[PDB]
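Colleague: Please see the structure below; I have some questions.
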Protein chains: 4
Amino acid sequence: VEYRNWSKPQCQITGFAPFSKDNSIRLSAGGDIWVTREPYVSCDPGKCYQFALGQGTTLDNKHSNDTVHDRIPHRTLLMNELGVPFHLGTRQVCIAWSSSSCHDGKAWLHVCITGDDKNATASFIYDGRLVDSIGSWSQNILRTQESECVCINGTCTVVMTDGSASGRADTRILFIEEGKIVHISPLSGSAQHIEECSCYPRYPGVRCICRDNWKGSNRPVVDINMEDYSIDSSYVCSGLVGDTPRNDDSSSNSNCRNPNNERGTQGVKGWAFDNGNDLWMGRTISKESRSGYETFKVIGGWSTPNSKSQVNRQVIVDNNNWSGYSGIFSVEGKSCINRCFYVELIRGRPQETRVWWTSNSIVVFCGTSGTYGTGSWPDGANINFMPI
Amino acid sequence: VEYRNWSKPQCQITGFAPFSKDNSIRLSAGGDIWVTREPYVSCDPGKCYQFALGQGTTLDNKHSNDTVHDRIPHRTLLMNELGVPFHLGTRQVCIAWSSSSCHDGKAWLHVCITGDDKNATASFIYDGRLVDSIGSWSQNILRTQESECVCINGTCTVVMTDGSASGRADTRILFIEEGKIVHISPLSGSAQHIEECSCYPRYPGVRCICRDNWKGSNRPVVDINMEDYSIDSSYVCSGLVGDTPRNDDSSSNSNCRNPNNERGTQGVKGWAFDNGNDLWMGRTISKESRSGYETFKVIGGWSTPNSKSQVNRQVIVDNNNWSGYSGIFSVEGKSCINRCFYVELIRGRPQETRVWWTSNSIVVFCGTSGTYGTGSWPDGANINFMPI
Amino acid sequence: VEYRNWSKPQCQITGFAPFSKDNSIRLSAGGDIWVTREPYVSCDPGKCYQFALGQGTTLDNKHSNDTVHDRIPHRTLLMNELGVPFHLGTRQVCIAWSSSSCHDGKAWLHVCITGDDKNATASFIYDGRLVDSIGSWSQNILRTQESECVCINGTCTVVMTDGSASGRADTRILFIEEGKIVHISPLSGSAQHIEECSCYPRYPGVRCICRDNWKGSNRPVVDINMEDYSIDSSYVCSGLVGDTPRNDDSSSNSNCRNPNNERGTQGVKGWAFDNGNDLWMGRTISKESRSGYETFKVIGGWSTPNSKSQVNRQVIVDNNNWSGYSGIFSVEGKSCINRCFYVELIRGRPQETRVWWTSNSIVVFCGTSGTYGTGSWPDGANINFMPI
Amino acid sequence: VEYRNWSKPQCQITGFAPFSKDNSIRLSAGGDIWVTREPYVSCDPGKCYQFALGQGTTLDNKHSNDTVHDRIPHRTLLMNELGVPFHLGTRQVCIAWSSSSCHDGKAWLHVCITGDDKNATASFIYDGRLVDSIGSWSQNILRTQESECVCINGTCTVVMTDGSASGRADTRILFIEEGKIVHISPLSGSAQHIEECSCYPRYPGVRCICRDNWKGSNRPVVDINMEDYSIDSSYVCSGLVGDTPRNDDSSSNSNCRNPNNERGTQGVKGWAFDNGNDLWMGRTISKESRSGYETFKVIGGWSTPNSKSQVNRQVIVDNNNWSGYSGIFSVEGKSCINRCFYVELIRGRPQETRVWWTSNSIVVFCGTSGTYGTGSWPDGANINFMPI
Ligand SMILES: *[C@@H]1O[C@H](CO)[C@@H](O[C@@H]2O[C@H](CO)[C@@H](O[C@@H]3O[C@H](CO)[C@@H](O)[C@H](O[C@H]4O[C@H](CO)[C@@H](O)[C@H](O)[C@@H]4O)[C@@H]3O)[C@H](O)[C@H]2NC(C)=O)[C@H](O)[C@H]1NC(C)=O
Ligand SMILES: *[C@@H]1O[C@H](CO)[C@@H](O[C@@H]2O[C@H](CO)[C@@H](O[C@@H]3O[C@H](CO)[C@@H](O)[C@H](O[C@H]4O[C@H](CO)[C@@H](O)[C@H](O)[C@@H]4O)[C@@H]3O)[C@H](O)[C@H]2NC(C)=O)[C@H](O)[C@H]1NC(C)=O
Ligand SMILES: *[C@@H]1O[C@H](CO)[C@@H](O[C@@H]2O[C@H](CO)[C@@H](O[C@@H]3O[C@H](CO)[C@@H](O)[C@H](O[C@H]4O[C@H](CO)[C@@H](O)[C@H](O)[C@@H]4O)[C@@H]3O)[C@H](O)[C@H]2NC(C)=O)[C@H](O)[C@H]1NC(C)=O
Ligand SMILES: *[C@@H]1O[C@H](CO)[C@@H](O[C@@H]2O[C@H](CO)[C@@H](O[C@@H]3O[C@H](CO)[C@@H](O)[C@H](O[C@H]4O[C@H](CO)[C@@H](O)[C@H](O)[C@@H]4O)[C@@H]3O)[C@H](O)[C@H]2NC(C)=O)[C@H](O)[C@H]1NC(C)=O
Ligand SMILES: *[C@@H]1O[C@H](CO)[C@@H](O[C@@H]2O[C@H](CO)[C@@H](O)[C@H](O)[C@H]2NC(C)=O)[C@H](O)[C@H]1NC(C)=O
Ligand SMILES: *[C@@H]1O[C@H](CO)[C@@H](O[C@@H]2O[C@H](CO)[C@@H](O)[C@H](O)[C@H]2NC(C)=O)[C@H](O)[C@H]1NC(C)=O
Ligand SMILES: *[C@@H]1O[C@H](CO)[C@@H](O[C@@H]2O[C@H](CO)[C@@H](O)[C@H](O)[C@H]2NC(C)=O)[C@H](O)[C@H]1NC(C)=O
Ligand SMILES: *[C@@H]1O[C@H](CO)[C@@H](O[C@@H]2O[C@H](CO)[C@@H](O)[C@H](O)[C@H]2NC(C)=O)[C@H](O)[C@H]1NC(C)=O
Ligand SMILES: *[C@]1(C(=O)O)O[C@@H]([C@H](O)[C@H](O)CO)[C@H](NC(C)=O)[C@@H](O)[C@H]1F
Ligand SMILES: *[C@]1(C(=O)O)O[C@@H]([C@H](O)[C@H](O)CO)[C@H](NC(C)=O)[C@@H](O)[C@H]1F
Ligand SMILES: *[C@]1(C(=O)O)O[C@@H]([C@H](O)[C@H](O)CO)[C@H](NC(C)=O)[C@@H](O)[C@H]1F
Ligand SMILES: *[C@]1(C(=O)O)O[C@@H]([C@H](O)[C@H](O)CO)[C@H](NC(C)=O)[C@@H](O)[C@H]1F
Ligand SMILES: [Ca+2]
Ligand SMILES: [Ca+2]
Ligand SMILES: [Ca+2]
Ligand SMILES: [Ca+2]
């Protein structure tokens, strides 16, 4: 087997088609299913896998009230084939309350962070063995992507942040070869706060659309040069911004360079990708809550500051239903690299207080060059049927 | 690995021998088992798999009352090795309330339809990745086979219908190479309504026996030319007709060309296959309800209009027990291609109102050139033992 | 991969060492586990598998009272890696209320019998596909080994019986190549009733020790010539007889040729094997009940009529605990062919009437040329802890 | 595939990073999970596996009260991929109330001991088949490592003891090739009592750090020469001793040669390894009970008698939480051999009397040359939530 290079053009898409759904919460009401959050998807050259951070317990289990605490030492990274729900035979890949995974064409890399808030440890596991680790550099919740990292020619890159969630922090970009950290580059450019990057190969480099939790409801962009390890950053140009919370479309702005200072504090993990001058992006339907999920293309959304012309909208989850984090993954086709995304569908607390737990299921869509219709694919569980 | 061509003669059979049974409903009373319907079987060159459409829930689960709704967004295509019941470790292959799957000798193709009734999306997934999609062309429940598609020399074909269930509809035959739709042919010939085709390789082409839900209790035939994409269609000649409902054997008719207008509306998925001038077919034992299941050979059933001489009858499910959909699959042997079939055994509503749910198990038989005896292999669950 | 020939000398053993135990019934009290009986073990060239006939239900399930009926259509052959208990992910290999399985070095053959008592069907499945079938020849419970068949150079042989359980019956020996019956030889020689043969390779042929359910408490022997399909038969010489029921050791007899007419009616599946003039054998400890299990070597037990000198006794299951069927399997080592055996440990009815069900677990031992101690490895479940 | 030689230098580590956690007891409160104790980890050249001794039952099961008995015949060795908790699909590898396992680069060896206390049998299973066995030599609980054995160039070695737990016993070192015992060496040197060795490759030989259950709270060392089968033994030099119970750090002693006679009776399985003159070791935090777990490097801990200067301490489990046995395993990297360890986290009796059962989960760390922070990774179950 050979290293992935992702050296094909990006597929030219017309929108997205349904790919996968796991129905986790519905199943949890009649079977033993892990409590999870922060899911994602990543694929080896043959097939796709679903990942999530467990809470060290199943849902129908008194230990499920444990999700009221943050970053417990019992959180572990779960990994199944995509569409296999997180049942009791699921492998816990490492100890993690924050993670990223990717396959370099030869083997899986897992980046797993656990331990104390002020002194966390990131473990780097490659091809089934621990190869490296790094300790917290800012003593304030070392944390990473919660979606797939990206590898080109045997070098995998991952974005990590340590420091304040509501002010300037310390973001670094790691370059990793067979599990071994070979270089670390500081964030550079005009992005002022970076969390939870959704990254994709854009040969010869890697591009990330992230979450600014401090001053911006526009999403930051991080560009990674894999050849010289140099970094650049900015903000998505689109005047239809991708973060939650955010202003209404009539009063939202982005200048491509600075955080917009519009309902900038807080946010949610999300994604977008460029296609020439245009932008494909997803976001919650609600401007203030993690409710609903929609995708669309913004004409000039990559290149034109404050562009607000959209086309090819699709509802993924209607606004009567809960969403959550979302992220990108890339899949190599015969002649092009396709872009796909997942949406975390969060159930339980804080929105639904009948139960004590918080968990999620997922829905997954992939780019298509064909045609499609409409629908809505929410979590689907009846909260009144659930164990509390 | 090499593309399948199915270029061997059809096995000369004397009837069918028991192959598989999954006991799903019996097991559901003491274990966590998916609620399903519309099952089928398809085999890669090494082994066979059972498929079904899940309802996003297990049976012993309050969400099992969801089956009262049609085509929910939570239906997913399940795929296990044949004989492995649909337990919680079952992979959900795609989102689907209608589906077809087949292996071309190199990889699996899955055709998965979901979304709104008036604007559905069919996704085409090949070798673990989404390759294509098509949207509804008639805005009225885009739908497909609910049994295996067929591939010859790397081209797979599948029959899809969109439009009225009780009147003229729009049926199309798709030709797909490695997940990519390369050609679409409209239905041609004398078949007037086509649903749920049970298709098999008949080298150099593909032959399907289908369900006419509008005017015929005789089953329509669709012939697919894989070399020039041309289509023909007609009706099974046999005067012993295969659909349910239908007239009794003394008053049923077919002229090979037109729907018979005998209890023609409504119907059930079924199968038959030609052997020279003769026909092997299955059908429910009851002429009005999905009760019982029998197979037999009709002498002249393929070539002679209204032929009613049968031989080699076998009871598969006695008439005191419920059946359901049934379909064909083909299995390559050393020197010939064998034909097999599955029968869906539906339990719960509408016939059994003690429970709110509807689900099924399966029984599976394969052609044999040897000898055999008698039996009856029904679902076997006691409705009074079930969770409601 | 190449066909097995088993062309190595038999290992020279000193007794048996513990190999495997599945604890099925203990686990059934806290998990969803199949109801089974008639288990056995067989190994491919790399690893071993446990088989049993399911009852179409788990134990903690109201359908478990179904074991009061014989040969139900819901019985299926289960197959897991040895030591993996029969949980809900277990594959049902075929429909069967009587079975035999073996690997020819290239693929698995399964012989599966199901259907009506007076008109049963045996299916022959090889390399994942149905290859042949045969119908009942005496219209009285067509039945087979309930342990592994044996293959040499691509020809597998299996012993089958049809007819009375308490009088002369019709026993036939089938020779099968890649699932296809190529020859059938009638039983010949002096064995007068044959059931449930435990067969092993004894290159260039196959030897079976069986159960005479009619007139003998000594066990019949069947010798199979794989080169010309000829058959011979007789009785184990040992005056320490292997069947249950049987006379006390002080009044039991065998002349090597005829059934002994000592508590001859009824019996239990069992095994023995020759080593020169000596015999290794197992049997229940109780002379009249399926209680306990012991093994030993009989000096002159193969060649000397009525020999009663034993040595190297081991208790496998003490006489305070239930046993059941037992059978042989063979495992190829570096320089010799080893002999192993399993013991079925039956719990529930008829002996234990607190519950309505009947099921079993297994314990498995293999020949050793080393040393060993003592113990007892019974089922271990507390009947008072079980669901009824 | 080729035999492992472990002929690389030992990785130069700075401490340990989190590798795995299984959350067994938390999961047992909401799912069917095996009752276990004496777990360990061992890896084939591709990936790691977790092992433990089952108690023939799940936890939420009335049979879980069976742990009050020692060495029941129902104990079996369980083996899953690391991080897959012991669910009902877990393979029971052999019958064992004491065990050791290792992979020689080609296949797995399992050493499994079961049977009567005064007359036990050790079975040796290699590449899926029983190859050898040995009986008790001192008639007093034949027993072995409860962690991985070690293989060099196709010869695996394992340390076994038979005899008193509180006085002089009979310890032997076995050398095994493809499952076959080829040589047995008696213990030699100054170690006076040896139990539960934690062994690692130190090319060209094998080194073990063990438990002295009689007179020492300092840990004995056993050195194994794989070239001539010669044996040496002594005690870990470090004045910070590794056994529990032990004296406090201000009053503990070791002279490298003799048991220290400081709270010497009783003990717990543990580990350490040399790096030049220094020592890496783990131990419970409590000096009297199996509470907490810590690791550190002792400067001169390998070469200098009574050395007590430590550095690089890490808390693995804080002292408010229960621990248990711990042991080493080794993992081959690109250029060096890494050392890892697991900690058994015991819940239930005798410390927690609310429940009748005793079970464990595990946490696993691996050596790192990178950096790391702090945390505590205990079992995490709420005893009040558990089935009793
Ligand atoms: C059957 O399904 C198809 C495919 O999903 C669907 O066609 C799509 O319809 C939507 C909605 O009309 C189109 O997306 C729009 O494009 C226009 C530009 O042409 C934009 O102005 C729209 O954005 C505005 O309106 C949105 C609400 O619709 C607002 O949320 C938004 O803020 C803007 O104000 C929107 O992006 C899409 O392009 C087509 N897709 C294609 C490929 O044609 C069709 O309508 C469905 N048919 C039926 C009857 O349901
Ligand atoms: C043991 O099993 C064997 C194999 O299953 C079985 O032999 C089969 O019997 C059936 C029933 O007699 C045969 O099928 C019939 O063939 C005749 C033509 O010769 C047809 O006329 C029959 O159809 C009519 O009768 C049916 C009811 O039997 C009606 O349902 C139908 O509408 C028609 O009116 C029927 O097809 C079959 O050919 C044989 N098979 C073989 C290979 O011989 C045998 O009977 C069983 N033994 C016992 C004791 O019953
Ligand atoms: C530790 O374990 C070993 C190995 O299991 C064990 O040694 C074995 O003891 C048995 C019993 O003594 C031996 O088997 C006997 O062999 C004699 C011939 O020498 C036979 O006469 C015996 O049969 C008679 O007695 C049986 C009851 O023991 C009756 O059931 C039977 O009907 C006969 O009357 C019996 O076969 C066996 O040979 C040895 N094995 C070896 C290899 O030495 C040993 O006794 C155990 N030690 C302790 C203290 O438990
Ligand atoms: C963030 O995490 C890092 C890495 O874990 C951590 O640094 C470590 O701190 C410990 C504790 O200070 C160091 O280990 C000590 O080393 C000194 C020698 O310099 C020893 O004297 C210590 O042993 C004594 O004290 C222990 C309690 O701390 C007693 O249990 C013991 O019996 C002795 O009395 C101890 O071994 C360790 O070397 C560093 N590791 C590294 C790589 O620097 C750091 O402290 C954490 N940050 C914060 C804010 O705490
Ligand atoms: C799970 O945890 C929650 C707390 O996070 C527990 O709920 C509390 O219960 C106490 C007493 O029963 C109440 O006084 C509190 O008001 C509850 N807290 C909340 C926020 O609801 C719950 O009891 C725990 N589960 C179990 C089984 O003990
Ligand atoms: C599952 O759904 C069915 C309806 O589809 C529910 O049954 C209804 O229950 C209400 C109140 O009990 C009755 O008034 C209706 O007559 C019922 N409808 C039918 C058609 O039976 C059922 O309650 C649901 N399951 C649960 C646990 O709520
Ligand atoms: C399972 O089957 C048994 C019969 O085989 C049922 O037990 C019978 O129950 C009836 C009425 O409850 C009694 O009159 C009989 O005496 C019982 N038979 C025996 C042999 O005990 C049992 O009820 C069935 N299980 C369930 C849940 O219905
Ligand atoms: C599991 O075993 C324990 C004993 O090991 C049982 O507990 C005993 O129960 C009896 C009667 O309830 C008491 O008299 C004893 O004092 C108990 N012994 C101890 C040490 O607690 C327990 O009942 C068993 N489990 C079940 C369900 O029977
Ligand atoms: C998300 C979330 O908002 O739902 O927040 C993350 C951080 O709190 C946030 O990005 C601010 O820094 C959590 N990550 C960690 C490491 O705590 C996510 O788990 C998730 F909670
Ligand atoms: C079968 C059924 O009758 O049992 O009907 C199908 C259609 O309703 C019918 O063929 C009329 O068009 C259902 N298919 C879809 C897409 O709804 C089947 O699911 C099944 F319900
Ligand atoms: C055994 C048994 O005695 O326990 O009996 C078999 C036969 O009844 C017996 O050999 C007489 O013919 C059963 N086999 C079949 C096919 O019924 C076994 O299942 C078993 F029941
Ligand atoms: C450990 C333990 O202390 O927790 O003790 C072992 C021995 O009892 C001890 O080493 C004294 O000889 C047990 N081993 C056996 C074979 O019983 C362990 O299982 C474990 F119990
Ligand atoms: Ca923000
Ligand atoms: Ca019809
Ligand atoms: Ca008899
Ligand atoms: Ca000690």
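By convention here, the chains of the structure tokens are called A, B, ... in the order presented, each chain's residues are numbered starting at 1, and ligands are numbered starting at 1 in the order presented.
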Could you pull the residues within 8 Å of range 294-297 of chain D, counting only C-alpha atoms, minus those fewer than 6 positions along the same chain, as a PDB file with N, CA and C atoms, in the first residue's frame?
Modeller:
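This is the output file result_13.pdb:
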ATOM      1  N   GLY D  15       8.680   9.168  30.565  1.00  0.00           N
ATOM      2  CA  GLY D  15       7.508   8.867  31.365  1.00  0.00           C
ATOM      3  C   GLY D  15       6.521   8.115  30.492  1.00  0.00           C
ATOM      4  N   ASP D 278      19.366   3.178  36.170  1.00  0.00           N
ATOM      5  CA  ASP D 278      18.105   3.681  36.699  1.00  0.00           C
ATOM      6  C   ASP D 278      16.976   2.659  36.565  1.00  0.00           C
ATOM      7  N   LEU D 279      15.860   2.932  37.237  1.00  0.00           N
ATOM      8  CA  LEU D 279      14.725   2.018  37.235  1.00  0.00           C
ATOM      9  C   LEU D 279      13.422   2.776  37.008  1.00  0.00           C
ATOM     10  N   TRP D 280      12.586   2.289  36.093  1.00  0.00           N
ATOM     11  CA  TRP D 280      11.213   2.772  36.005  1.00  0.00           C
ATOM     12  C   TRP D 280      10.339   1.740  36.703  1.00  0.00           C
ATOM     13  N   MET D 281       9.422   2.188  37.561  1.00  0.00           N
ATOM     14  CA  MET D 281       8.565   1.249  38.286  1.00  0.00           C
ATOM     15  C   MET D 281       7.197   1.851  38.546  1.00  0.00           C
ATOM     16  N   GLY D 282       6.211   0.988  38.764  1.00  0.00           N
ATOM     17  CA  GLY D 282       4.916   1.426  39.248  1.00  0.00           C
ATOM     18  C   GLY D 282       4.654   0.758  40.578  1.00  0.00           C
ATOM     19  N   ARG D 283       3.719   1.307  41.350  1.00  0.00           N
ATOM     20  CA  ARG D 283       3.262   0.661  42.578  1.00  0.00           C
ATOM     21  C   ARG D 283       1.969   1.315  43.018  1.00  0.00           C
ATOM     22  N   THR D 284       1.257   0.676  43.938  1.00  0.00           N
ATOM     23  CA  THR D 284       0.104   1.330  44.542  1.00  0.00           C
ATOM     24  C   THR D 284       0.573   2.561  45.297  1.00  0.00           C
ATOM     25  N   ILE D 285      -0.308   3.540  45.437  1.00  0.00           N
ATOM     26  CA  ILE D 285       0.065   4.714  46.219  1.00  0.00           C
ATOM     27  C   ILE D 285       0.026   4.370  47.701  1.00  0.00           C
ATOM     28  N   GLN D 310      13.808   9.793  43.543  1.00  0.00           N
ATOM     29  CA  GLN D 310      12.921   9.610  42.403  1.00  0.00           C
ATOM     30  C   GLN D 310      12.725  10.891  41.616  1.00  0.00           C
ATOM     31  N   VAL D 311      12.266  10.724  40.384  1.00  0.00           N
ATOM     32  CA  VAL D 311      11.991  11.844  39.496  1.00  0.00           C
ATOM     33  C   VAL D 311      10.932  11.375  38.507  1.00  0.00           C
ATOM     34  N   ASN D 312      10.272  12.314  37.826  1.00  0.00           N
ATOM     35  CA  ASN D 312       9.287  11.983  36.796  1.00  0.00           C
ATOM     36  C   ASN D 312       8.109  11.148  37.289  1.00  0.00           C
ATOM     37  N   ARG D 313       7.628  11.467  38.485  1.00  0.00           N
ATOM     38  CA  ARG D 313       6.454  10.788  39.016  1.00  0.00           C
ATOM     39  C   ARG D 313       5.214  11.145  38.202  1.00  0.00           C
ATOM     40  N   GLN D 314       4.334  10.160  38.013  1.00  0.00           N
ATOM     41  CA  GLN D 314       3.013  10.381  37.431  1.00  0.00           C
ATOM     42  C   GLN D 314       1.990   9.631  38.260  1.00  0.00           C
ATOM     43  N   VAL D 315       0.910  10.308  38.633  1.00  0.00           N
ATOM     44  CA  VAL D 315      -0.239   9.616  39.204  1.00  0.00           C
ATOM     45  C   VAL D 315      -1.021   8.963  38.062  1.00  0.00           C
ATOM     46  N   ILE D 316      -1.291   7.662  38.168  1.00  0.00           N
ATOM     47  CA  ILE D 316      -2.102   6.977  37.153  1.00  0.00           C
ATOM     48  C   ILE D 316      -3.539   6.854  37.664  1.00  0.00           C
ATOM     49  N   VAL D 317      -3.656   6.503  38.945  1.00  0.00           N
ATOM     50  CA  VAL D 317      -4.935   6.391  39.636  1.00  0.00           C
ATOM     51  C   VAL D 317      -4.751   7.065  40.984  1.00  0.00           C
TER      52      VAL D 317
END
Colleague: Return the neighbours of chain C among the residues of chain D, cut-off 7 Å, counting only C-alpha atoms, as an NGL selection string.
Modeller: :D and (32 or 56-58 or 60-63 or 73-74 or 88-95 or 115-116 or 119-121 or 123 or 128 or 130 or 132-136)
Colleague: Using C-alpha atoms, can you write the selected residues to a file as a PDB file, in the first residue's frame?
Modeller:
ATOM      1  CA  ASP D  32     -23.986  -7.639  29.576  1.00  0.00           C
ATOM      2  CA  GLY D  56     -17.981 -17.882  33.839  1.00  0.00           C
ATOM      3  CA  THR D  57     -20.640 -15.205  34.175  1.00  0.00           C
ATOM      4  CA  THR D  58     -21.634 -11.643  33.380  1.00  0.00           C
ATOM      5  CA  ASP D  60     -25.659  -8.369  36.033  1.00  0.00           C
ATOM      6  CA  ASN D  61     -26.355 -12.058  36.588  1.00  0.00           C
ATOM      7  CA  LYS D  62     -27.037 -13.956  39.825  1.00  0.00           C
ATOM      8  CA  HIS D  63     -24.002 -16.151  39.087  1.00  0.00           C
ATOM      9  CA  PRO D  73     -13.565 -24.673  36.819  1.00  0.00           C
ATOM     10  CA  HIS D  74     -15.648 -22.091  34.950  1.00  0.00           C
ATOM     11  CA  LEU D  88     -20.913 -11.576  25.150  1.00  0.00           C
ATOM     12  CA  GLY D  89     -19.180 -11.981  21.781  1.00  0.00           C
ATOM     13  CA  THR D  90     -15.807 -12.299  23.529  1.00  0.00           C
ATOM     14  CA  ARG D  91     -13.880 -15.471  22.697  1.00  0.00           C
ATOM     15  CA  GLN D  92     -12.968 -17.731  25.588  1.00  0.00           C
ATOM     16  CA  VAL D  93      -9.528 -18.902  24.475  1.00  0.00           C
ATOM     17  CA  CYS D  94      -9.051 -21.805  26.909  1.00  0.00           C
ATOM     18  CA  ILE D  95     -10.021 -22.975  30.387  1.00  0.00           C
ATOM     19  CA  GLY D 115      -8.377 -28.072  37.666  1.00  0.00           C
ATOM     20  CA  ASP D 116      -7.895 -29.097  41.293  1.00  0.00           C
ATOM     21  CA  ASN D 119      -3.427 -31.550  40.987  1.00  0.00           C
ATOM     22  CA  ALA D 120      -3.775 -28.818  38.345  1.00  0.00           C
ATOM     23  CA  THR D 121      -3.097 -29.080  34.614  1.00  0.00           C
ATOM     24  CA  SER D 123      -2.358 -26.617  28.807  1.00  0.00           C
ATOM     25  CA  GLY D 128      -5.101 -22.569  17.636  1.00  0.00           C
ATOM     26  CA  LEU D 130      -3.293 -27.914  21.952  1.00  0.00           C
ATOM     27  CA  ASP D 132       1.437 -29.842  25.186  1.00  0.00           C
ATOM     28  CA  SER D 133       0.465 -30.051  28.852  1.00  0.00           C
ATOM     29  CA  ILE D 134       2.139 -30.473  32.212  1.00  0.00           C
ATOM     30  CA  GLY D 135       0.743 -31.505  35.578  1.00  0.00           C
ATOM     31  CA  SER D 136       1.378 -30.002  39.011  1.00  0.00           C
TER      32      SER D 136
END
Colleague: Skipping near chain neighbours, those fewer than 3 positions away, what residues fall within 6 Å of residue 113 in chain B using only C-alpha atoms, listed as a PDB file with N, CA, C and O atoms, in the first residue's frame?
Modeller:
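Wrote result.pdb, looks like this:
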ATOM      1  N   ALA B  96     -32.441   4.524   3.434  1.00  0.00           N
ATOM      2  CA  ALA B  96     -33.281   3.938   2.398  1.00  0.00           C
ATOM      3  C   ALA B  96     -34.639   3.497   2.908  1.00  0.00           C
ATOM      4  O   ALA B  96     -34.721   2.740   3.876  1.00  0.00           O
ATOM      5  N   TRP B  97     -35.700   3.973   2.256  1.00  0.00           N
ATOM      6  CA  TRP B  97     -37.015   3.346   2.404  1.00  0.00           C
ATOM      7  C   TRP B  97     -37.424   2.539   1.166  1.00  0.00           C
ATOM      8  O   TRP B  97     -38.537   1.995   1.090  1.00  0.00           O
ATOM      9  N   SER B  98     -36.496   2.442   0.214  1.00  0.00           N
ATOM     10  CA  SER B  98     -36.608   1.532  -0.931  1.00  0.00           C
ATOM     11  C   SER B  98     -35.182   1.284  -1.404  1.00  0.00           C
ATOM     12  O   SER B  98     -34.360   2.208  -1.381  1.00  0.00           O
ATOM     13  N   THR B 121     -34.818  11.155  -3.302  1.00  0.00           N
ATOM     14  CA  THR B 121     -33.470  11.091  -3.852  1.00  0.00           C
ATOM     15  C   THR B 121     -33.028   9.637  -3.852  1.00  0.00           C
ATOM     16  O   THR B 121     -33.134   8.963  -2.828  1.00  0.00           O
ATOM     17  N   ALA B 122     -32.545   9.153  -4.995  1.00  0.00           N
ATOM     18  CA  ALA B 122     -31.863   7.862  -5.044  1.00  0.00           C
ATOM     19  C   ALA B 122     -30.348   8.073  -4.978  1.00  0.00           C
ATOM     20  O   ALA B 122     -29.792   8.795  -5.806  1.00  0.00           O
TER      21      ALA B 122
END
Colleague: Looking only at the backbone, which of the residues in range 29-170 of chain D does DSSP tag as strand (DSSP E or B), as a PyMOL selection string?
Modeller: chain D and resi 33-43+48-58+76-81+87+91-95+98-103+108-116+119-126+129-135+143+150-152+155-163+169-170
Colleague: Per residue of chain B within 8 Å of ligand 6, note the shortest atom pair and the distance in Å to one decimal, counting only C-alpha atoms and all ligand atoms, and order the rows by chain and increasing residue number, as a Markdown table.
Modeller:
| residue | atom | partner | partner_atom_place_in_ligand_line | distance |
| --- | --- | --- | --- | --- |
| B:62 | CA | ligand 6 | 27 (C) | 5.3 |
| B:63 | CA | ligand 6 | 1 (C) | 7.2 |
| B:64 | CA | ligand 6 | 1 (C) | 7.4 |
| B:65 | CA | ligand 6 | 1 (C) | 4.2 |
| B:66 | CA | ligand 6 | 2 (O) | 6.8 |
| B:68 | CA | ligand 6 | 5 (O) | 6.1 |
| B:356 | CA | ligand 6 | 3 (C) | 6.4 |
